[PDB]
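Enquirer: give me the fold of what follows.
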Amino acid sequence: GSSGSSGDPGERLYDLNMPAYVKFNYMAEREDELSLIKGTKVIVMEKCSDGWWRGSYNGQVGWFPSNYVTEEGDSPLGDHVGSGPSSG
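Expert: Numbering: from 1, shown residues only. Please find the structure below.
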C-alpha cells in the first residue's frame, strides 16, 4: 500500500534556505545566473544534483556553482533548532 508518484532515483530539493559562503567570486552572464562575490554569504534555495545551485544575493536570485560557495550553516542561539527537517 503506497502512492507511486516519483518512480525514479534521487529527489528534488528546493526552498532549502541554506546559508552559503561565497569562497570565490562568480561572474554571471545570463539573467538566470547569479554573480557571487568572494567574502559574502548567500541563501541557497534550490540544488541541482548535477552540481549547480540556486540561491539569492542581496535580494537577487539566480544559478551559481556550489563549488564556489560553501554551506556555512547557522544554528539558533538559545533553543535547539527544530523547524525544518520533518520526519517520523
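Enquirer: report the secondary structure element holding the residue nearest the centre of the chain.
Expert: A centroid search over the chain (Cα atoms, centre = their mean) returns residue 44, at 2.4 Å, as the residue closest to the centre. Under the criterion of DSSP states H and E, residue 44 resides in strand 40-47.
Enquirer: give me the buried stretch members for that strand, please.
Expert: 42, 44-45, 47 (16 or more other Cβ atoms under 10 Å). Quick note: C-beta positions are derived from backbone N, CA and C, even for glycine.
Enquirer: just the CA trace of stretch 5-19, in CSV.
Expert: The C-alpha trace of stretch 5-19 is given here as CSV (Å, rounded to 0.1, in the frame of the first residue of the first chain):
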residue,chain,number,x,y,z
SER,A,5,4.4,9.3,-7.6
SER,A,6,8.1,9.7,-8.4
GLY,A,7,9.2,6.3,-9.8
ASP,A,8,12.8,7.5,-10.2
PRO,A,9,16.1,7.7,-8.2
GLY,A,10,17.1,10.9,-6.3
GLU,A,11,14.7,13.7,-5.3
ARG,A,12,14.0,17.4,-6.0
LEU,A,13,15.4,19.6,-3.2
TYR,A,14,14.2,23.2,-3.2
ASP,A,15,13.2,26.0,-0.9
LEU,A,16,16.0,24.9,1.4
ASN,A,17,17.1,28.4,2.5
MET,A,18,20.5,27.2,3.5
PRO,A,19,23.1,30.0,4.1
